[PDB]
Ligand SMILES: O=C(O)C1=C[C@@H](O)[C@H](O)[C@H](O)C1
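Only one chain is included here, represented as C-alpha cells and corresponding to the form solved without this ligand.
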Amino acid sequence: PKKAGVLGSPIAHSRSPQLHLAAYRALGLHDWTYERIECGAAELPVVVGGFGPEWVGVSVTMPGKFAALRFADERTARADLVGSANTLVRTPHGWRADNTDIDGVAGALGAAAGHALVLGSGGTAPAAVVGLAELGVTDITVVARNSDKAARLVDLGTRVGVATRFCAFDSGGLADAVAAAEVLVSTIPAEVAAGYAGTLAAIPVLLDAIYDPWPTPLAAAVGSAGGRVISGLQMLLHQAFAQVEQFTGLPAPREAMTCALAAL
C-alpha cells in the first residue's frame, strides 16, 4: 500500500484524485490512496518532509510549484527549462522534481505547427511554450499584462528554437496576432480573457487552461465560431499520465483515465 496526493492552495476542488485513483484501480493498485492536501509554498517542505516511507510521490499545483522545484535534490531537464515543478517523486535518497504541464499542453493539442498564440506570462505559460515548441511550432506570440515576465517567457521561447515575441493586450496588435496564428493557448483567468473574446474568437484552435466553471466566455466565443475548443480538463488528463507512470512504474491506463475524465 502506497500513498500519493496533490499539494495546493486552494485544493478542495482538485480533480486530480479522480484521475489518479481511476488509474490505480485500473492498474490493480486498489490499496493506494491519493489525498488532497491544503498546502502553500512555505508549507511544502513541512508536508513533504513529514511524509512517511509509503509515500511514492505527490502532484503539486499552485502556489507550490517553484518551492517544489527547490525542495527536490534532483530535477529533470524539462522542469529546469520551465522553471517550476508540478511533480515530486520519491527516490532512494531523496526527491526528483519534474514538470508534466508540458505534457499537459502538448498532449491536449496532439499536433501544431507554424504560429501559435499564448495568453499569460506565468502559471502554465512556460510549459505551454515548451509544449508548443515540442510539437514543432516555429513562431509564438506571447500576449500578457506583465511585460517584464513576458520578456522572460520570450527568451525561453527563443532558447527552445522558436521565433518568439511579446504583444501587449491593448496595443492594437492582437487582431493581427490572432489572424496569423493557428492555435491559442490561454493560461490567464477567464475573467480577464472574457473582454477579448470577440477578437480571439476567430482562432482555429483554442486550448483554455481553465476548466471550472465551464464554459469560459472565451470558449463559448470560439465554439460559436466553429473553432476547435479544448477545455482545461484535457490538460489535466495529459499532465496526469506521466505522474501515474512515475508514481507506479507502470504504463498510464489511458482508457480508464479517459473514462474518468468524461465523467468529469
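Note that residue numbering begins at 1 and tracks the sequence as displayed.
Form deposited with this ligand bound: not shown, discussed below.
- For the options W32, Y211, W55, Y196, the residue carrying a heavy atom within 4.5 angstroms of this ligand in the deposited bound form is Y211.
- Judged by heavy atoms within 4.5 Å of this ligand in the deposited bound form, the contact stretch among the candidates 220-228, 45-53, 197-205, 60-68 is 60-68.
- In the deposited bound form, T216 stays away from this ligand, with no heavy atom inside 4.5 Å.
- Interface membership of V6, defined by any non-hydrogen atom within 4.5 Å of this ligand in the deposited bound form, is confirmed.
- The closest heavy atom approach of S16 to this ligand in the deposited bound form falls within 4.5 Å.
- In the deposited bound form, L236 approaches this ligand with a heavy atom inside 4.5 Å.
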